[PDB]
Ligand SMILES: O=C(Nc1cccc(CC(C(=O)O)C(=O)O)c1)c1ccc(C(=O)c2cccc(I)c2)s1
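First, one chain by itself: the form solved without the named molecule, in structure tokens.
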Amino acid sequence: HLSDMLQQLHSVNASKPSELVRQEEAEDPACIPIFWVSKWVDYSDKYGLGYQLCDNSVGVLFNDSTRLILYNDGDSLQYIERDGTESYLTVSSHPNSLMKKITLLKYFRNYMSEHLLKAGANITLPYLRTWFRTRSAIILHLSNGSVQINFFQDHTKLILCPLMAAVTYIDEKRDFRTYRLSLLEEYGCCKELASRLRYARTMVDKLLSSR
């Protein structure tokens, strides 16, 4: 879905949306995402990157390029090998071979729950495919095609959903608005969002170039 996201971003950016801007008319409540990353912890110098999704499921992308996901029921597990092969297990019944990884996941889970703010908390299955950080942002690519970009300095966030051709923007006051990209082309948007969308295009290009 990355190339579709790139085309959607090309189209909106080429329309020069910030140049009468009628940004409010580009909002679409029907396009609100189901999943996004609400918390994350970068322990990649030792273990990997842990994260919580907005449904309270947690996942780790380990340094050996495997993934373990704990469902929000707190017992059901999905393990994804490097090849991409999925296995389904539980904490109550797992092979000894995954003990190390499960214990690491539980520690990440407990820490995030206790210590980090839940992004998009005021709003009512995929795993982390890859991620990277720049000086400005962390970029999270989910297995359902969604791409999330969290900007460090001002705490603003984009969630890009190529299947809906939509983008959710969480601003500095933590207001959460979801826009149809084609409506941003039609009605325009503020310079702030337009700038973030230009950055997003460059980030999606990075994902595509490092496949």
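A residue's number is simply how far along the shown sequence it sits, counting from 1.
There is another form of this protein, the form deposited with the named molecule bound, and it is not shown here; the text below is about that form.
- In the modelled overlay, the named molecule taken from its pose in the deposited bound form makes no contact closer than 2.4 Å with any backbone or C-beta atom of this form, which marks the pocket as open.
- The named molecule is not drawn, but in the deposited bound form it has a heavy atom within 4.5 Å of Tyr107.
- Contact between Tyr179 and the named molecule in the deposited bound form is not found at the 4.5 Å heavy atom cutoff.
- Contact annotation for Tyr71: none of its heavy atoms lies within 4.5 Å of the named molecule in the deposited bound form.
- Interface residue remark: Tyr111 is counted as part of the site for the named molecule in the deposited bound form, having a heavy atom within 4.5 Å.
- Residue heavy atoms within 4.5 Å of the named molecule in the deposited bound form occur in exactly one stretch of 181-189, 63-71, 40-48, 138-146, and that stretch is 40-48.
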